[PDB]
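Just below is one structure, and these are the notes that go with it.
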Amino acid sequence: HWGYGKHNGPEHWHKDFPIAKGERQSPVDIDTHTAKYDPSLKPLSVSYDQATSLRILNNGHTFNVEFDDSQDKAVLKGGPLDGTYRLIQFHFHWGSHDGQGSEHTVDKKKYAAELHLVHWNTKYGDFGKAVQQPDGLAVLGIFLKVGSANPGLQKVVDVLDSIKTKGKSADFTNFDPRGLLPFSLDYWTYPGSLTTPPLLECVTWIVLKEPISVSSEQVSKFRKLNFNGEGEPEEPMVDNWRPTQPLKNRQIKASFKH
Ligand SMILES: [Zn+2]
Numbered sequence: 012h013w014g015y016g017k018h019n020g021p022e023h024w025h026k027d028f029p030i031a032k033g034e035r036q037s038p039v040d041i042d043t044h045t046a047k048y049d050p051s052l053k054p055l056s057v058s059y060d061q062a063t064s065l066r067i068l069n070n071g072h073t074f075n076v077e078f079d080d081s082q083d084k085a086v087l088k089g090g091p092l093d094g095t096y097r098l099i100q101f102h103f104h105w106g107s108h109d110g111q112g113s114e115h116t117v118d119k120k121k122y123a124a125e126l127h128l129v130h131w132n133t134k135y136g137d138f139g140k141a142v143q144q145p146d147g148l149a150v151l152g153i154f155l156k157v158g159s160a161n162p163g164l165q166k167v168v169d170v171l172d173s174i175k176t177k178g179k180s181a182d183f184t185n186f187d188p189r190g191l192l193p194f195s196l197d198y199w200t201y202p203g204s205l206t207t208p209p210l211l212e213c214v215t216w217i218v219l220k221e222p223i224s225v226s227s228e229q230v231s232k233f234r235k236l237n238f239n240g241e242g243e244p245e246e247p248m249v250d251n252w253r254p255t256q257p258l259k260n261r262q263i264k265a266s267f268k269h
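Heads up: the sequence shown runs through residues 12 to 269, numbered per our numbering.
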């Protein structure tokens, strides 16, 4: 099936997922000089105080922290969004080396990793209905810049040893995802897609300008995960990122003035 290797990686996803070459694919490069301020955007509201984390798991592509999304315990509203978007999971993308790893780029520059907090529009009742709609999902993208250790990531790093191979999971309760947000919520937004197959064009992307920190040591712990399942051959989980795709007939809008 699909992955990030030379034969099954992003350059070949279009064979089985022809939307890979569609009008609204992600990620993209963000040109800070040409992304224009949009005064119609409303203030972005992140409400995570009651978020309920459940489990952390290795799905053979990344690791996901899963949240209870049966109620409005953790929601995103405002900004470019109409309505209420519920948090279902977050996950990361990272590189084999600190100089690469992010999916979005900023003025063609890559960060060491990128965090995605995935939310779905409650007017569709269920995540599975939402992903079929152009306004179905909102993903909050946060860059990780190597520097000082990040205390808000350490609880994640501390459990990765328990989920080294595909299919493993662990209890992961009482994690506060507010600890992964920067202090400024200044952002860029554009309409796009999931960055993994099935690459559905159902996402309102909200990419924060301010990165969060991660130590070189913390990101090296991401790289100790494996793509493979136990009893299968070893494939270190590195470089699980899709390269940037053409902007085509879209506009990237800024929440803030240059
Ligand atoms: Zn992602």
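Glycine included, C-beta positions come from ideal geometry on N, C-alpha and C.
Inset, instruction - State yes or no: is the C-beta of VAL76 nearer than 8 Å to some heavy atom of ligand 1? - result: no
Legend entry - Reference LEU98, options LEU210, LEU87 and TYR15, closest by Cα: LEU87
Inset, instruction - Take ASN75 and list the residues in its own chain whose beta-carbon comes closer than 8 Å to its own, dropping the five residues that flank it on each side. - result: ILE67, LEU68, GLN100, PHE101 and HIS102
Legend entry - Cross-strand partners of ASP40 (DSSP beta bridge): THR116
Legend entry - Which of helix, strand or coil DSSP assigns to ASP27: helix
Legend entry - Whole runs of the alpha helix (DSSP H) within the segment 110-198, excluding any shorter than 4 residues: 138-141 and 162-170
Inset, instruction - Compute the beta-carbon to beta-carbon distance between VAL218 and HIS115, rounded to the nearest angstrom, for a pair I have assumed lies under 8 Å. - result: 5 Å
Inset, instruction - Please confirm whether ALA123 and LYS166 have their CB atoms less than 9 Å apart. - result: no
Legend entry - Straight-line Cα distance separating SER113 from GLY106: 7 Å
Inset, instruction - Taking the CB atoms as reference points, tell me whether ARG261 and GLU34 lie closer together than 9 Å. - result: yes
Inset, instruction - Using beta-carbon positions only, say whether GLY90 and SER266 come within less than 9 Å of one another. - result: yes
Legend entry - Test item, CB below 6 Å from any non-hydrogen atom of ligand 1: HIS102, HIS104, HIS127 and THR206
Legend entry - Outcome for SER64 when other beta-carbon atoms lying within 10 angstroms are tallied against a minimum of 16: buried
Inset, instruction - Tell me whether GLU22 sits in a helix, a strand or coil according to DSSP, three-state version. - result: helix
Inset, instruction - Kindly indicate which three-state DSSP category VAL76 falls into: helix, strand or coil? - result: strand
Legend entry - Buried versus exposed, by CB contacts within 10 Å (16 or more), residue 270: The shown model of the chain, from 12 to 269, leaves out residue 270, and the question about it has no answer.
Inset, instruction - Could you spell out the range, first to last residue, of the beta strand (DSSP E) harbouring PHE101? - result: 96-105
Inset, instruction - Classify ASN161 as buried or exposed, calling it buried when 16 or more other Cβ atoms lie within 10 Å of its own Cβ. - result: buried
Inset, instruction - Return yes when the Cβ of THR133 is within less than 9 Å of the Cβ of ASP83, no when it is not. - result: yes
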